[PDB]
Amino acid sequence: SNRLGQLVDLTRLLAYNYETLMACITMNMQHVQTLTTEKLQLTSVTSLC
Amino acid sequence: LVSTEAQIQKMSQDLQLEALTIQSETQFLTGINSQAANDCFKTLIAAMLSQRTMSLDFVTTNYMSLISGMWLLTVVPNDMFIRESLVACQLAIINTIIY
Amino acid sequence: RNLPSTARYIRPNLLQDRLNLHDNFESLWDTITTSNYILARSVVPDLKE
Amino acid sequence: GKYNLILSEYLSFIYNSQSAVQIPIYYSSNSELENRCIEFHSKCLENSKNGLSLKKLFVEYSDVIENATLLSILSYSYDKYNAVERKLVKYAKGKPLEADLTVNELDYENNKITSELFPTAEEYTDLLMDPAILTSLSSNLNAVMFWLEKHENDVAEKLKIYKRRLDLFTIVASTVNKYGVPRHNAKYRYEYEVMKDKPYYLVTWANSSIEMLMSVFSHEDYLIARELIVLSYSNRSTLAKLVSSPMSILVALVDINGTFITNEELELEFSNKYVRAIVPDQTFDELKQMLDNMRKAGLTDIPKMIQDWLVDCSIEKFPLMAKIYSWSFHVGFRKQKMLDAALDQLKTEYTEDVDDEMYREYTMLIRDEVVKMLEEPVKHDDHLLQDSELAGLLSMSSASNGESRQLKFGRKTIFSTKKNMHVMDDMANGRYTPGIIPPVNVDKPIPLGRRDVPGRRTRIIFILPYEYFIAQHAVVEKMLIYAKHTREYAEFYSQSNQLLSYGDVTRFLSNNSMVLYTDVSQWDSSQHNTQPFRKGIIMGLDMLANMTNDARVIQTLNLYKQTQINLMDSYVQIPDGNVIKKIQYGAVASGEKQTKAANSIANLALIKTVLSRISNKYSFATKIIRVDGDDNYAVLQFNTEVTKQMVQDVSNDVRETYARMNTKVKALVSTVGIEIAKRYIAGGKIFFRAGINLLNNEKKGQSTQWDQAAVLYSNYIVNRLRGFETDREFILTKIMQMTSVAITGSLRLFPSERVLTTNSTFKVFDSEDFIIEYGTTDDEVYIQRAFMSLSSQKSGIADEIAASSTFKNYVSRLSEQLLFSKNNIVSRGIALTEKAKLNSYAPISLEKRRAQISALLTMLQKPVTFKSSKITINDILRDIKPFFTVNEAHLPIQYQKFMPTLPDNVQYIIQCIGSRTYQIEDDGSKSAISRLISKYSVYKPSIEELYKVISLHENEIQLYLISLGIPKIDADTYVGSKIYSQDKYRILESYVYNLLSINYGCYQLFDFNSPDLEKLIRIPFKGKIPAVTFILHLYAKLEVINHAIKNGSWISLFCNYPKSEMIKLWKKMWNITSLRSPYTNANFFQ
Amino acid sequence: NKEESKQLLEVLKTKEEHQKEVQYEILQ
Amino acid sequence: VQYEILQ
């Protein structure tokens, strides 16, 4: 909770990078539930936060 | 990035996992390095860009991971995760922290 | 994982005991109960602290 | 009851000349029979003096040879020259071995002729080959040939054993006879003159081969022994490592079907848990490479055995793998030059390309651990940190050896390496400056000792000035106090005194768990033991300095910090011919006070950092982390069942993460077992390597041939318990060879069985394996009293040192540091205590030992005409024996077998009464007096001294405590509290347990509090005499256990001891005058 | 001679008693 | 006694 400013900055940075790189996508961003997923460690989320 | 020694010191002083642990077990902070932070940033943005489903791997006893997963679910759309992983993370948060 | 729509499995035949070996097959039932006891011992967690 | 017959036959064998005479001496407690014994001995001496046969005397005094007890045999031989070679030529019929001089990387490690390695006598040194044992190769050959002669006409499997050993000894004897048996000197050293034209490693190889061939019983034994004996003639460097390598993988190939789980330091709770062994293909490739390396070295039978076992990977046939592992260590030591061994140790590739983040976190963790260890004592002004210098002075006896310095005491000159004597000398000459830590840099580089273990690489040891120990002692003692209650520190963790000798790794082994284990014995000069480690400790000390207001604690911390700063920039000395190499070495090594605990701290921090990085790619909970000396192991638990890919990925990630910090690690990941230096677990079972070498030693000891025979028997017992059985007859032959003393060049005295197996300072072995010796007959009590009379001896060196002005000045300075001023009574007690602490000096202890042995020899040459009222343990047991009735009983097998390599009878005991639960310490550690002593000094008074003290007057106890270094207020508190009244019972318990070896040999593995055992003992309780009840119950337990050990069956004991008998024995229970040689202590764990 | 070790290694890699479940490979 | 210094 005490990292509120850093987390706001991180969210804005992540969203901006997503939008900027999404501007470069030329094929439809179709959302499907894929057979295999990309595993994400919540400890990596803790590291980023 | 924040100096990892400083952040580990802060989080260890506040969490005090050593005192909570049973004398026969070992508990300490894990996965608080810069490599993990960079991997998380890349994984989140790349998964959202490619619309590839993500799965959540966590240890329920590590409530720090759940607290960070709260932010993850806040910022990352819930449909970017396989239903089972989202349900597991949310149920861990509910039954370990909130309720 | 999201299992594909073309995935298959075989259900085990979990019908309850039709021979009723618990009734009048005392030696066979003793063997069965001994096996169950050994398995239960194998899976019972070990006390700690 | 076979030792005397074997001794007589051996004397006939080795002295087969017609002029050889054996004169048997006897003794008796009965005066009527003792008179006949004396007359018989006198007549035998007279007949030998006149050269007359003694056969008729055996008829005249046939009662003495029947009713009296043999005391010794006097042998007169006059044809000893060239006897062993005359016997050996018979067995040299085979083809002698020819060494392959292109097998070892270093030229001098190839078994070539000595002249080829040392052209001149001045260049020669036996240090690279010295067996370092006070027994000759000629004696080993004589023992083997005596065994062959004795068992020449055996039948059945005995004949097969004889044939196998005959083939192996044919190899050895042909090889030795090709060059002739080298002759040792009085010091049992092999000179250049007798070694010029022989292979350099002939003697040590022959000793190892004799041990191996006398350890052969089965066909598999024979194959292993033949392979190793033939290969070790040429291979002197890599053979043991080659053979022991596969085990580290084999433990990971056996599934667990039930296992043990450590609870507290020896207590096991058993699980029926089933765990499958998950092995990736890379591990199988590594095992294939290991077998290929075996075959490239000329091995055929051992790799074939391993391949055959690999068909099923079953725990039932794993004993053969354990056998190969144990046998690998018996190919001897590798005593390479100090230069090569050191250069191998300090072969470093330091880089600036390391992960800065990881190193900073590791340094921070070291700082945090130091602060955690030392916060409370530093914050609360602990007395030890206030009196750190005094604590170090009092504990100097526990310090490592320094470098030899020329000391003078009075008019005598000595060359002690003991740091306490160095402190004395420096005090006398105004050079005692604890406040100054001498530098260890290029100006004063550190001398190096070496620790050598078979198979393992040599380790370097710092030899530091005593100021380092003085500065570090109290801080490290606080660190050990903290580490004793921290489970992570496997080396130190213990509730009272005993370590988790079985380890704690099998509790969390599961199908969702994997155990990562790593050998860290080679991390002495690693980059993480450089500046980061020392500076982490320094930062911890800097933090601790702000937590205290006492100037003395701050000075202690400053001195410790200065030691660390100096050791950061240190050099080491290594001789090389006529040039001393000064090599920069700012890394860690043993020989420093903090080395063990500091290494544990650093390893814990490093593994925490590595696991933190490994969590990036996998989700797991770290169940336990253990840092046990030369090994580390951590158990990781996953949310899924462990797969091959998971194991391989975790291993690779651990290796790469360690490499990120420049640490070279072979990270071994298993699911079912680990392999560390001091044990290995396979299939839920625990194994200890049985590699103690018998006829070879790491370095020359400071003991006598008598004590070395005792140590030889102790090592044989430990090896037997661990699954490496050497023939007991060979061991007894060595015992009789080593305990014999030359009265003259023609007369030699051989002690009898009663002398050697009696509980005393002279004890060497036991008549029965694994059974403590005691006896209720009059002769045994008589001889025990006689031997006790000889225990007390003085040392001239100790007397001269204690009378010197140097020692008196040291005592005065110690007293003034202890807050006594010309007390005249306290000072004398302190002087006595310091003179006792001088016993660690090898000349003093050797002088006392030789005085004792000489007195024993004078007694043994005559029938024992000694009588005393002194009470020994045999007296107590004789008093209580007549009131015990024995019946046949039965115990079912109801306990698991967790040590498959235990001997069948010991295993039977364990299966019937169970394994030890908790241990009563043998030194009275958990008594109030012992805890009070430990509060100020790490010096441990012997339990016999405490037993004597606790029954003295109050003022005598107070004076003794003050002499030990306890302040007068605390000693007076202890005495006025009358705590000694309760303490005497704990002291008596420890004293008796020490006398009867309850915590040594196989007894340490047994549960003496077992409900099954006490179900066999029926002693009706009579209260208010706890000592008598205690001794009765312990005696009953020993009788039952020993009967089961010898016979494999069970007896119930019943003793309705009369109250009058109890009251009579109560007086004697506090006046026991008994000793047992510490050299007979067979520690199953080591 | 070395072919015996080759067969041993291949059998060990494909041994029944050392293999773990293989569902994920089936899906992949 | 000659010395060799290895840094």
# chains A, B, ... in the order shown; residues from 1 in each chain; ligands from 1
call {"tool": "interface_residues", "arguments": {"of": "chain D", "to": "chain F", "cutoff": "7 Å", "atoms": "only C-alpha atoms", "output": "ChimeraX atom specification"}}
result
/D:578-584
call {"tool": "write_last_selection", "arguments": {"atoms": "N, CA and C atoms", "output": "short mmCIF file (atom, residue, chain, number, x, y, z; two decimals), in the first residue's frame"}}
result
data_model
loop_
_atom_site.label_atom_id
_atom_site.label_comp_id
_atom_site.auth_asym_id
_atom_site.auth_seq_id
_atom_site.Cartn_x
_atom_site.Cartn_y
_atom_site.Cartn_z
N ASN D 578 63.96 -25.15 -1.44
CA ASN D 578 64.69 -24.15 -0.68
C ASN D 578 64.09 -22.76 -0.81
N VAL D 579 62.90 -22.64 -1.39
CA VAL D 579 62.25 -21.35 -1.60
C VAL D 579 60.86 -21.40 -0.97
N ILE D 580 60.53 -20.38 -0.19
CA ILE D 580 59.21 -20.27 0.42
C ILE D 580 58.38 -19.34 -0.45
N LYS D 581 57.26 -19.85 -0.96
CA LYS D 581 56.33 -19.06 -1.75
C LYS D 581 55.38 -18.33 -0.81
N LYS D 582 55.32 -17.01 -0.96
CA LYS D 582 54.33 -16.17 -0.29
C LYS D 582 53.22 -15.89 -1.30
N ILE D 583 52.04 -16.46 -1.08
CA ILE D 583 50.95 -16.40 -2.04
C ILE D 583 49.81 -15.60 -1.43
N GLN D 584 49.35 -14.58 -2.16
CA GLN D 584 48.23 -13.77 -1.69
C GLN D 584 46.99 -14.64 -1.53
#
call {"tool": "interface_residues", "arguments": {"of": "chain D", "to": "chain C", "cutoff": "8 Å", "atoms": "only C-alpha atoms", "output": "list in words"}}
result
residues 258, 271, 272, 273, 274 and 507 of chain D
call {"tool": "closest_atom_pairs", "arguments": {"of": "chain A", "to": "chain B", "cutoff": "8 Å", "atoms": "only C-alpha atoms", "output": "Markdown table"}}
result
| residue | atom | partner | partner_atom | distance |
| --- | --- | --- | --- | --- |
| A:11 | CA | B:75 | CA | 6.8 |
| A:14 | CA | B:45 | CA | 7.0 |
| A:17 | CA | B:45 | CA | 7.5 |
| A:18 | CA | B:45 | CA | 5.8 |
| A:21 | CA | B:49 | CA | 7.5 |
| A:22 | CA | B:49 | CA | 6.3 |
| A:29 | CA | B:51 | CA | 6.7 |
| A:30 | CA | B:51 | CA | 6.9 |
| A:31 | CA | B:51 | CA | 5.6 |
| A:32 | CA | B:51 | CA | 7.3 |
| A:33 | CA | B:53 | CA | 5.8 |
| A:34 | CA | B:53 | CA | 5.8 |
| A:36 | CA | B:53 | CA | 7.4 |
| A:37 | CA | B:54 | CA | 4.7 |
| A:38 | CA | B:54 | CA | 4.5 |
| A:39 | CA | B:55 | CA | 4.7 |
| A:40 | CA | B:56 | CA | 5.1 |
| A:41 | CA | B:57 | CA | 5.0 |
| A:42 | CA | B:65 | CA | 5.1 |
| A:43 | CA | B:31 | CA | 5.1 |
| A:44 | CA | B:36 | CA | 4.6 |
| A:45 | CA | B:40 | CA | 5.9 |
| A:46 | CA | B:68 | CA | 5.2 |
| A:47 | CA | B:32 | CA | 4.5 |
| A:48 | CA | B:37 | CA | 4.0 |
| A:49 | CA | B:68 | CA | 6.9 |
call {"tool": "write_last_selection", "arguments": {"atoms": "N, CA, C and O atoms", "output": "compact mmCIF listing (two decimals), in the first residue's frame"}}
result
# COMPACT_ATOMS: atom_id res chain seq x y z
N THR A 11 1.68 1.25 -13.29
CA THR A 11 0.48 0.99 -14.08
C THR A 11 0.43 1.88 -15.31
O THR A 11 0.11 1.42 -16.41
N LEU A 14 3.09 0.61 -17.79
CA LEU A 14 2.68 -0.63 -18.43
C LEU A 14 1.60 -0.37 -19.47
O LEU A 14 1.66 -0.89 -20.59
N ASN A 17 3.14 1.48 -22.54
CA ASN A 17 3.92 0.57 -23.37
C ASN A 17 3.01 -0.37 -24.14
O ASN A 17 3.24 -0.63 -25.33
N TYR A 18 1.96 -0.86 -23.49
CA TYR A 18 1.01 -1.73 -24.16
C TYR A 18 0.35 -1.02 -25.33
O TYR A 18 0.26 -1.57 -26.43
N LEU A 21 2.97 -0.35 -28.24
CA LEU A 21 3.31 -1.56 -29.00
C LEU A 21 2.08 -2.13 -29.70
O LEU A 21 2.22 -2.83 -30.70
N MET A 22 0.88 -1.85 -29.19
CA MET A 22 -0.34 -2.31 -29.83
C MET A 22 -0.64 -1.50 -31.08
O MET A 22 -1.31 -2.00 -31.99
N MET A 29 -6.66 -8.42 -32.88
CA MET A 29 -6.31 -8.94 -31.56
C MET A 29 -7.49 -9.75 -31.05
O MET A 29 -8.30 -9.30 -30.23
N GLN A 30 -7.59 -10.97 -31.55
CA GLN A 30 -8.67 -11.87 -31.16
C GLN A 30 -8.35 -12.49 -29.81
O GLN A 30 -7.26 -13.03 -29.61
N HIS A 31 -9.29 -12.40 -28.88
CA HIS A 31 -9.12 -12.96 -27.54
C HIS A 31 -9.72 -14.36 -27.50
O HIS A 31 -10.93 -14.52 -27.64
N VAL A 32 -8.86 -15.36 -27.31
CA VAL A 32 -9.28 -16.75 -27.17
C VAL A 32 -8.56 -17.34 -25.97
O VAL A 32 -7.48 -16.88 -25.58
N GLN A 33 -9.15 -18.37 -25.38
CA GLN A 33 -8.51 -19.13 -24.31
C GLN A 33 -7.68 -20.22 -24.96
O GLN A 33 -8.21 -21.20 -25.48
N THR A 34 -6.36 -20.05 -24.93
CA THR A 34 -5.47 -20.93 -25.67
C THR A 34 -5.28 -22.26 -24.94
O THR A 34 -5.55 -22.38 -23.74
N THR A 36 -2.43 -23.99 -24.24
CA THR A 36 -1.38 -23.83 -23.25
C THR A 36 -1.22 -22.35 -22.94
O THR A 36 -1.39 -21.50 -23.82
N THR A 37 -0.92 -22.05 -21.69
CA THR A 37 -0.81 -20.69 -21.20
C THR A 37 0.66 -20.34 -20.97
O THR A 37 1.55 -21.18 -21.08
N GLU A 38 0.90 -19.07 -20.67
CA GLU A 38 2.20 -18.60 -20.21
C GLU A 38 2.16 -18.51 -18.69
O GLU A 38 1.41 -17.71 -18.13
N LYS A 39 2.97 -19.34 -18.04
CA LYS A 39 3.01 -19.34 -16.58
C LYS A 39 3.60 -18.03 -16.08
O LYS A 39 4.62 -17.56 -16.60
N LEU A 40 2.96 -17.45 -15.08
CA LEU A 40 3.42 -16.22 -14.45
C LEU A 40 3.60 -16.47 -12.96
O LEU A 40 2.66 -16.89 -12.28
N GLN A 41 4.80 -16.23 -12.46
CA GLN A 41 5.07 -16.36 -11.04
C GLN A 41 4.61 -15.11 -10.31
O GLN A 41 4.94 -13.99 -10.72
N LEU A 42 3.84 -15.29 -9.24
CA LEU A 42 3.42 -14.14 -8.45
C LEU A 42 4.58 -13.54 -7.68
O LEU A 42 4.50 -12.38 -7.27
N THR A 43 5.66 -14.29 -7.47
CA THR A 43 6.87 -13.70 -6.92
C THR A 43 7.50 -12.71 -7.89
O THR A 43 8.07 -11.71 -7.46
N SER A 44 7.39 -12.97 -9.19
CA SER A 44 7.83 -11.98 -10.18
C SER A 44 6.96 -10.73 -10.12
O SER A 44 7.45 -9.62 -10.31
N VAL A 45 5.66 -10.91 -9.88
CA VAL A 45 4.78 -9.76 -9.68
C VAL A 45 5.21 -8.98 -8.45
O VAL A 45 5.22 -7.74 -8.46
N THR A 46 5.57 -9.68 -7.38
CA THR A 46 6.07 -9.00 -6.19
C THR A 46 7.35 -8.23 -6.49
O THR A 46 7.53 -7.10 -6.03
N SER A 47 8.25 -8.84 -7.27
CA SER A 47 9.48 -8.16 -7.64
C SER A 47 9.18 -6.88 -8.42
O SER A 47 9.75 -5.82 -8.14
N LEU A 48 8.28 -6.97 -9.40
CA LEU A 48 7.94 -5.79 -10.19
C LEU A 48 7.30 -4.72 -9.32
O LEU A 48 7.58 -3.53 -9.48
N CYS A 49 6.42 -5.12 -8.40
CA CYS A 49 5.72 -4.14 -7.57
C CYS A 49 6.67 -3.46 -6.58
O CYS A 49 6.55 -2.26 -6.34
call {"tool": "residues_around", "arguments": {"residues": "residue 12 (chain E)", "least_positions_apart": "4", "cutoff": "10 Å", "atoms": "only C-alpha atoms", "output": "list in words"}}
result
residues 253, 279, 280, 281, 284, 285, 310, 311, 312 and 313 of chain D; 6, 7, 8, 16, 17, 18 and 19 of chain E
call {"tool": "closest_atom_pairs", "arguments": {"of": "chain D", "to": "chain A", "cutoff": "8 Å", "atoms": "only C-alpha atoms", "output": "Markdown table"}}
result
| residue | atom | partner | partner_atom | distance |
| --- | --- | --- | --- | --- |
| D:615 | CA | A:43 | CA | 7.4 |
| D:616 | CA | A:44 | CA | 6.3 |
| D:617 | CA | A:41 | CA | 7.3 |
| D:618 | CA | A:41 | CA | 7.2 |
| D:619 | CA | A:41 | CA | 6.6 |
call {"tool": "write_last_selection", "arguments": {"atoms": "N, CA, C and O atoms", "output": "PDB file, in the first residue's frame"}}
result
ATOM      1  N   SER D 615      13.508 -19.096  -7.691  1.00  0.00           N
ATOM      2  CA  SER D 615      12.062 -18.914  -7.635  1.00  0.00           C
ATOM      3  C   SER D 615      11.517 -18.158  -8.841  1.00  0.00           C
ATOM      4  O   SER D 615      10.298 -18.142  -9.038  1.00  0.00           O
ATOM      5  N   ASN D 616      12.384 -17.534  -9.643  1.00  0.00           N
ATOM      6  CA  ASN D 616      11.924 -16.784 -10.808  1.00  0.00           C
ATOM      7  C   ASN D 616      11.190 -17.679 -11.797  1.00  0.00           C
ATOM      8  O   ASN D 616      10.183 -17.271 -12.385  1.00  0.00           O
ATOM      9  N   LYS D 617      11.695 -18.891 -12.016  1.00  0.00           N
ATOM     10  CA  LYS D 617      11.169 -19.779 -13.042  1.00  0.00           C
ATOM     11  C   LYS D 617      10.284 -20.887 -12.491  1.00  0.00           C
ATOM     12  O   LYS D 617       9.678 -21.619 -13.280  1.00  0.00           O
ATOM     13  N   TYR D 618      10.187 -21.029 -11.173  1.00  0.00           N
ATOM     14  CA  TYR D 618       9.401 -22.098 -10.578  1.00  0.00           C
ATOM     15  C   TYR D 618       8.790 -21.607  -9.278  1.00  0.00           C
ATOM     16  O   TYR D 618       9.381 -20.795  -8.563  1.00  0.00           O
ATOM     17  N   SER D 619       7.598 -22.109  -8.983  1.00  0.00           N
ATOM     18  CA  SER D 619       6.914 -21.825  -7.730  1.00  0.00           C
ATOM     19  C   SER D 619       7.130 -23.000  -6.787  1.00  0.00           C
ATOM     20  O   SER D 619       6.772 -24.137  -7.111  1.00  0.00           O
TER      21      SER D 619
END
call {"tool": "select_by_dssp", "arguments": {"residues": "chain A", "states": "helix (DSSP H, G or I)", "output": "tab-separated table (two decimals) with N, CA, C and O atoms, in the first residue's frame"}}
result
chain	number	residue	atom	x	y	z
A	4	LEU	N	2.16	3.39	-3.22
A	4	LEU	CA	1.06	3.85	-4.06
A	4	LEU	C	1.57	4.64	-5.26
A	4	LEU	O	1.14	4.41	-6.39
A	5	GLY	N	2.48	5.58	-5.03
A	5	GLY	CA	2.99	6.38	-6.13
A	5	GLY	C	3.75	5.54	-7.15
A	5	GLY	O	3.56	5.70	-8.36
A	6	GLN	N	4.59	4.63	-6.66
A	6	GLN	CA	5.34	3.76	-7.56
A	6	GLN	C	4.41	2.84	-8.34
A	6	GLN	O	4.65	2.56	-9.51
A	7	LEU	N	3.33	2.37	-7.71
A	7	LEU	CA	2.41	1.48	-8.40
A	7	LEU	C	1.57	2.24	-9.43
A	7	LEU	O	1.26	1.70	-10.49
A	8	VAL	N	1.21	3.48	-9.13
A	8	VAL	CA	0.53	4.30	-10.13
A	8	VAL	C	1.44	4.53	-11.32
A	8	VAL	O	1.03	4.41	-12.48
A	9	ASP	N	2.71	4.86	-11.05
A	9	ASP	CA	3.67	5.04	-12.14
A	9	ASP	C	3.84	3.76	-12.94
A	9	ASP	O	3.91	3.79	-14.17
A	10	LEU	N	3.93	2.62	-12.25
A	10	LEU	CA	4.09	1.34	-12.94
A	10	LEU	C	2.89	1.02	-13.81
A	10	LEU	O	3.04	0.54	-14.93
A	11	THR	N	1.68	1.25	-13.29
A	11	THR	CA	0.48	0.99	-14.08
A	11	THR	C	0.43	1.88	-15.31
A	11	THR	O	0.11	1.42	-16.41
A	12	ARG	N	0.76	3.17	-15.14
A	12	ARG	CA	0.76	4.07	-16.29
A	12	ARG	C	1.82	3.66	-17.31
A	12	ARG	O	1.57	3.69	-18.51
A	13	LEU	N	3.00	3.27	-16.83
A	13	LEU	CA	4.07	2.84	-17.73
A	13	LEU	C	3.67	1.59	-18.50
A	13	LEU	O	3.87	1.49	-19.71
A	14	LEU	N	3.09	0.61	-17.79
A	14	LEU	CA	2.68	-0.63	-18.43
A	14	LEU	C	1.60	-0.37	-19.47
A	14	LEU	O	1.66	-0.89	-20.59
A	15	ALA	N	0.60	0.45	-19.12
A	15	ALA	CA	-0.47	0.75	-20.06
A	15	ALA	C	0.06	1.52	-21.27
A	15	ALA	O	-0.35	1.24	-22.41
A	16	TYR	N	0.96	2.48	-21.05
A	16	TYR	CA	1.50	3.24	-22.17
A	16	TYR	C	2.30	2.34	-23.10
A	16	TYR	O	2.18	2.45	-24.33
A	17	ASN	N	3.14	1.48	-22.54
A	17	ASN	CA	3.92	0.57	-23.37
A	17	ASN	C	3.01	-0.37	-24.14
A	17	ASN	O	3.24	-0.63	-25.33
A	18	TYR	N	1.96	-0.86	-23.49
A	18	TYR	CA	1.01	-1.73	-24.16
A	18	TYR	C	0.35	-1.02	-25.33
A	18	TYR	O	0.26	-1.57	-26.43
A	19	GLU	N	-0.11	0.22	-25.12
A	19	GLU	CA	-0.77	0.95	-26.20
A	19	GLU	C	0.20	1.24	-27.34
A	19	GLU	O	-0.16	1.10	-28.52
A	20	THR	N	1.42	1.65	-27.02
A	20	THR	CA	2.38	2.01	-28.05
A	20	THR	C	2.76	0.80	-28.89
A	20	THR	O	2.87	0.89	-30.11
A	21	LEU	N	2.97	-0.35	-28.24
A	21	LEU	CA	3.31	-1.56	-29.00
A	21	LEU	C	2.08	-2.13	-29.70
A	21	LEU	O	2.22	-2.83	-30.70
A	22	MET	N	0.88	-1.85	-29.19
A	22	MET	CA	-0.34	-2.31	-29.83
A	22	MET	C	-0.64	-1.50	-31.08
A	22	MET	O	-1.31	-2.00	-31.99
A	42	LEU	N	3.84	-15.29	-9.24
A	42	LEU	CA	3.42	-14.14	-8.45
A	42	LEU	C	4.58	-13.54	-7.68
A	42	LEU	O	4.50	-12.38	-7.27
A	43	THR	N	5.66	-14.29	-7.47
A	43	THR	CA	6.87	-13.70	-6.92
A	43	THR	C	7.50	-12.71	-7.89
A	43	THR	O	8.07	-11.71	-7.46
A	44	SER	N	7.39	-12.97	-9.19
A	44	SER	CA	7.83	-11.98	-10.18
A	44	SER	C	6.96	-10.73	-10.12
A	44	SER	O	7.45	-9.62	-10.31
A	45	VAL	N	5.66	-10.91	-9.88
A	45	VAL	CA	4.78	-9.76	-9.68
A	45	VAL	C	5.21	-8.98	-8.45
A	45	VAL	O	5.22	-7.74	-8.46
A	46	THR	N	5.57	-9.68	-7.38
A	46	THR	CA	6.07	-9.00	-6.19
A	46	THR	C	7.35	-8.23	-6.49
A	46	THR	O	7.53	-7.10	-6.03
A	47	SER	N	8.25	-8.84	-7.27
A	47	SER	CA	9.48	-8.16	-7.64
A	47	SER	C	9.18	-6.88	-8.42
A	47	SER	O	9.75	-5.82	-8.14
A	48	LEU	N	8.28	-6.97	-9.40
A	48	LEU	CA	7.94	-5.79	-10.19
A	48	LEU	C	7.30	-4.72	-9.32
A	48	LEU	O	7.58	-3.53	-9.48
call {"tool": "atom_distance", "arguments": {"atom1": "CA of residue 393 (chain D)", "atom2": "CA of residue 1076 (chain D)"}}
result
29.7 Å
call {"tool": "interface_residues", "arguments": {"of": "chain C", "to": "chain A", "cutoff": "12 Å", "atoms": "only C-alpha atoms", "output": "PyMOL selection string"}}
result
chain C and resi 1-7
call {"tool": "write_last_selection", "arguments": {"atoms": "C-alpha atoms", "output": "PDB file, in the first residue's frame"}}
result
ATOM      1  CA  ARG C   1      -4.169 -25.933 -19.545  1.00  0.00           C
ATOM      2  CA  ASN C   2      -7.387 -25.668 -21.536  1.00  0.00           C
ATOM      3  CA  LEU C   3      -8.138 -29.179 -22.735  1.00  0.00           C
ATOM      4  CA  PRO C   4      -9.175 -29.255 -26.415  1.00  0.00           C
ATOM      5  CA  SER C   5     -12.690 -30.147 -27.488  1.00  0.00           C
ATOM      6  CA  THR C   6     -11.170 -33.236 -29.155  1.00  0.00           C
ATOM      7  CA  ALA C   7      -9.698 -34.643 -25.918  1.00  0.00           C
TER       8      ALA C   7
END
call {"tool": "residues_around", "arguments": {"residues": "region 16-23 of chain B", "least_positions_apart": "5", "cutoff": "12 Å", "atoms": "only C-alpha atoms", "output": "PyMOL selection string"}}
result
(chain B and resi 8-11+28-30+61-64) or (chain C and resi 48-49) or (chain D and resi 263+368-369+372+484-489+493+622-625)
call {"tool": "interface_residues", "arguments": {"of": "chain D", "to": "chain E", "cutoff": "6 Å", "atoms": "only C-alpha atoms", "output": "list in words"}}
result
residues 277, 278, 281 and 643 of chain D
call {"tool": "atom_distance", "arguments": {"atom1": "CA of residue 963 (chain D)", "atom2": "CA of residue 937 (chain D)"}}
result
11.4 Å
call {"tool": "atom_distance", "arguments": {"atom1": "CA of residue 23 (chain D)", "atom2": "CA of residue 733 (chain D)"}}
result
18.9 Å
